[PDB]
Every structure is written in C-alpha cells, then in structure tokens.
Amino acid sequence: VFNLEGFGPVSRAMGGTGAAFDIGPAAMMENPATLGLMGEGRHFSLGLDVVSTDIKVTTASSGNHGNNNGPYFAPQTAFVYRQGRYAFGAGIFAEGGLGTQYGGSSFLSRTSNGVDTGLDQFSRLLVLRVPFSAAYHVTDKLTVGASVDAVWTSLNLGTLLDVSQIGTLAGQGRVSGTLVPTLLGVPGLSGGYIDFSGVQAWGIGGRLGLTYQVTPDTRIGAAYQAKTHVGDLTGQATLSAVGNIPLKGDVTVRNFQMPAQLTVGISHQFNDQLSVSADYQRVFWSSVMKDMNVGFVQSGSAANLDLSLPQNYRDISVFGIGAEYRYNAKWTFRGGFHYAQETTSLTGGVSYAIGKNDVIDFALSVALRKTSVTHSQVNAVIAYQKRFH
Ligand SMILES: CCCCCCCCOCCOCCOCCOCCO
C-alpha cells in the first residue's frame, strides 16, 4: 500500500497485477487463492528487491547523492507445498523502501528565518512481512486462499519542524507536553530536529481472496487485505531545536496504520503464448481517520512533549495491466503498465528456464516523471525458483 508495484518478478513485470493469475509464491502477499494454480510439488523461492529513488527538490536532492542513501536491497525467500486440493506456504517479503537522504548543506536545512544545519534531512521506512498462507480448491472452479502475516515495521527520519511556533497553529489542542518548557523558552526561534535512531514495532496483518474459473481460458479473482495492525513504534531518539538545542530520550508512535485493500482482476489466455491480466485496486486510506501522536520521554525523568498529527486522506485507486508472452519453452517475456491516482510506471520482465524445475526471473518497474519536487523511481526484482516433485 506504500509503493504499489506488486510482489515478485511476475507481478511486478505485469503491472503489479495478480488477482486472477498465477504469480508464484508472491501470491502470499497478493491473492493467496492464486497458490494452488501452481503445480504440485514443493517450491522454493529466493531473490531480492531493489528500490532506486531519485528526488530533486528546488536546489536540494536526496535521491542518489553519494553513498549512504543508496538503495535498499531487501531479500525474499518463499516456500510453497502443492498437493491435490491443497497449497501451504510461508515467506519473508520486505516491502517498503521509501527512503531519502538529502545533504546538510541545502535548505530544508535553512530554517524559518535563516539559520542552518543539524544532523540533517533523511528518512527511511522498512516493512517486513512474514505471511503463513493456505489455498484450497473448494471446487474444480472455485479456489479460496488466505494468509496471516507477522509484520516488522521500521522507520526513522531526520527533519526540522518549524511551523513557526504555535504548536498546532496556536491553541489548537494537539501539541503540548510536560517538557514543552524548553520549547518557547530556550531562545532560538526555529528548528525542531527529531532523530529517530530507529523505531520498530511488531504487528499482525493478513488477507484472503478467491479465484473462479469462469472458463478454461478466463479466470477472475478478488482479494481483500485486512487493515494491518502494527501496534506502537518505539525507539530511542534525540530531539533538538533551534543557536541550536540538543536533547535525548526514547520516543513512541501510536496509530501508524496501514489501510485495508480491495482488489479484483481478470486474466485470459489468448493461446499457448499470450495471456493478459487486468486488476482494479482500491486502497482505503479513508479509514485511517485517527490521531497519530509522537511521544517523548527522556531518562528516568518524565519530561514530556506530545504532538498529535491529524490524519485525513482519501482512498487511492490503481489500475493495472500486463501481458505474459511465452516466446518459447525457456524464455518468457512480460510487460505491463501501472496507473495510480484519485502514479504511472512502465513495467517489464524476462524469465529464463534453466531447464524445468529451475527458473531465474528478472523484472523492473519504471515510474514516469512527476513534477518544486520531481522524482524518478526504479523497482528491480530478481528471483530464483526451483520446484521438487
Ligand atoms: C497517504 C500516504 C501517507 C504515507 C506516509 C506515511 C508516512 C508518514 O509519516 C510517518 C512519520 O511520522 C511523522 C512525524 O512528525 C514528525 C516528527 O515528530 C515530531 C516530534 O515530536
């Protein structure tokens, strides 16, 4: 729900699509019902995801500065056992990769008046999901599936919060803690620099969906992703306002929610070479209407500083389309397009069968340019899969 390129080489290479198509073990993260579309035997998957973001804000620019905001390379492994009407599997998929690392010599450093620096502007969100799923042919044409995952969410930024003063415009009611004394006092005027470093949390998520063989050549499906339940993000941070003001203590974040998700899609085989998929996805960010407050405790002491962040978003809809072309017995080509709004990326991938039971797959998603703030984005994925039977 944070990026949205789909999981695995097949899905990424086919527009993030996957509701009614067999996209491999990654199905555990999309539509669990899709497993069991796979062939009997045991399947092992091994690969890694890479997010390459480049951002230019004017002239500041995190993206790929030098060598420390480089790309996160998250590993992914998966197991799937197929037998008769059954499918069982577990995996470790590392979604999330929206990190930034601007310098220290630019603005966003320059504060609401003219002062500078600090440890400066960065930000990183990492999310691990360990799904345990099952898929069952309830019929020769109906297959349901589901998966419950353990989730590891880990973020941490480095940013300034001026908003002048006021603390919520003024007497709003949000900001205000029994340590908000240094605030107002001190004697700087502009430069709240928090430095999470580091605030994870173990949560629980899950999903279930179905596929229905309308015809031997057309399949449909739908999947529903429950609202993730991440719990509190705890971590030792070091706040510091602005001369300059240093501080230290561990912070707690409550209500960092991940929206529920609904997905319906279609797949059709036009012959033994070409197949096409199309999915519709809705991300209910409208249901994340709660308060997200950032707490600040410090030593053995009870110095406080709460800040509530209003959360009012709107549902996001994304449409996807992809094709899988079986060029021949060992080369498969995939391409697709992914559109999100209410935001656009070309998709491609190639699979090479190193003989049956063994296949290397490489997929990549390229975002189109949006614009100030302009960013480029590339999502590469490479996986190795071997089945035993
Ligand atoms: C609709 C898409 C939203 C996706 C973005 C979710 C990421 C939001 O921010 C998470 C970090 O929390 C921000 C906190 O405020 C800044 C620091 O805290 C203040 C000091 O007490």
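Counting neighbours? That spans all protein chains shown, and the Cβs are built from the backbone with ideal geometry, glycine included. Every number here is computed from the coordinates shown, using simple stated rules; none is lab data.
Results, tabulated for the structure shown:
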| item | result |
| --- | --- |
| Exposure proxy order (Cβ contacts within 10 Å, fewest to most) of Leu346, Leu126, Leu35 | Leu346, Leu126, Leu35 |
| Dipole magnitude (debye, nearest 20) for the chain, charges at Cβ of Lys, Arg, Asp, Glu | 460 debye |
| Projected label distance in nm at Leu108 and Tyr325, using a 7 Å step from Cα toward the beta-carbon | 3.9 nm |
| Cleavage-rule hits, trypsin sites (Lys or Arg not before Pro), region 71-168, DSSP coil, Cβ neighbours within 10 Å at most 14 | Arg85, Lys141 |
| Charge tally in the Cβ shell below 15 Å around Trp202, where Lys, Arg are +1 and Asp, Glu are -1, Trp202 excluded | 0 |
| Packing-based exposure ordering (other Cβ within 10 Å, fewest first) of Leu37, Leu142, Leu48 | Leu142, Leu48, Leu37 |
| Scaled radius of gyration (Cα, divided by 2.2 N^0.38 Å) that the chain gives | 1.10 |
| Label point distance in nm, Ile204-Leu98, each placed 7 Å from Cα along Cα→Cβ | 2.6 nm |
| nm² value of the averaged projected area, convex hull over the Cα atoms of region 296-389 | 12.8 nm² |
| Mean ellipticity per residue at 222 nm, deg cm²/dmol - from DSSP H runs of n ≥ 4 across the chain, formula -39500 (n - 2.57) | -500 deg cm²/dmol |
| Convex hull per residue volume in Å³, alpha carbons only, for region 264-342 | 155 Å³ |
| Sequence-distant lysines (8 or more away, or on other chains) whose Cα lies within less than 23 Å of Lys370 | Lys56 |
| Summed side-chain charge close to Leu309 - residues other than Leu309 whose Cβ falls under 14 Å, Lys, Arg +1, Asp, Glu -1 | +1 |
| Span from the region 78-155 Cα centroid across to the region 39-67 one, whole angstrom | 12 Å |
| Burial ranking of peptide ranges 302-310, 276-284, 11-19 (average Cβ count within 10 Å, highest at the top) | 11-19, 276-284, 302-310 |
| Ranked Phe122, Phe333, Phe270, criterion: other C-beta atoms within 10 Å, fewest first | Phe270, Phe333, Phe122 |
| Estimated inter-spin distance, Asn64 and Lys370, nm [label 7 Å along Cα→Cβ] | 2.0 nm |
| Proximal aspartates and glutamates relative to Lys290, as straight alpha-carbon distance under 18 Å, when same-chain residues fewer than 8 apart are discounted | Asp232, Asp306, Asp315 |
| Charge tally in the Cβ shell below 12 Å around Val251, where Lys, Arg are +1 and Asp, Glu are -1, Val251 excluded | -2 |
